[PDB]
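**Student:**
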Amino acid sequence: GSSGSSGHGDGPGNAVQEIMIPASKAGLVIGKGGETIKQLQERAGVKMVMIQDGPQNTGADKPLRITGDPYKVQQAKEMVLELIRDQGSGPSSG
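Numbering (the authors' numbering), first residue to last: 1 to 94.
#1: Look up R43 in the DSSP assignment and say whether it is helix, strand or coil.
#2: Please state the DSSP three-state secondary structure of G68.
#3: Could you tell me which uninterrupted alpha helix (DSSP H) segments, each at least 4 residues in length, are contained entirely in the segment 7 to 63, listed from first to last along the chain?
#4: For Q75, report the span of its alpha helix (DSSP H) as first-last.
#5: Using alpha carbons as the reference points, say which of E18, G7, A60 and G1 lies closest to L81.
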């Protein structure tokens, strides 16, 4: 018949997403050196790498680079953003 089955040719690849993180909370999600953020990589299955590139003449922030997968990297991004995020009513007393 037609014998025209096309659709193939996707080598190796990795998804990456960058987000703005408040240096203030950065020390809470990263930890002393990066022990916390290290565990977050497994929770989402993606790699977390905080970028600095000497942030000069720019708003005080820390662009975090999350590499891994397109369907995963998207999940983690939320896990981190929610880490630095804050709400009105807090669960803890202190």
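Backbone N, C-alpha and C fix where the C-beta goes; we use that ideal spot for every residue, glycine too.
**Tutor:** This is what the structure holds:
#1: Helix at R43.
#2: strand
#3: 23 to 29 and 36 to 44
#4: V73 to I84
#5: Considering only alpha carbons, the answer is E18.
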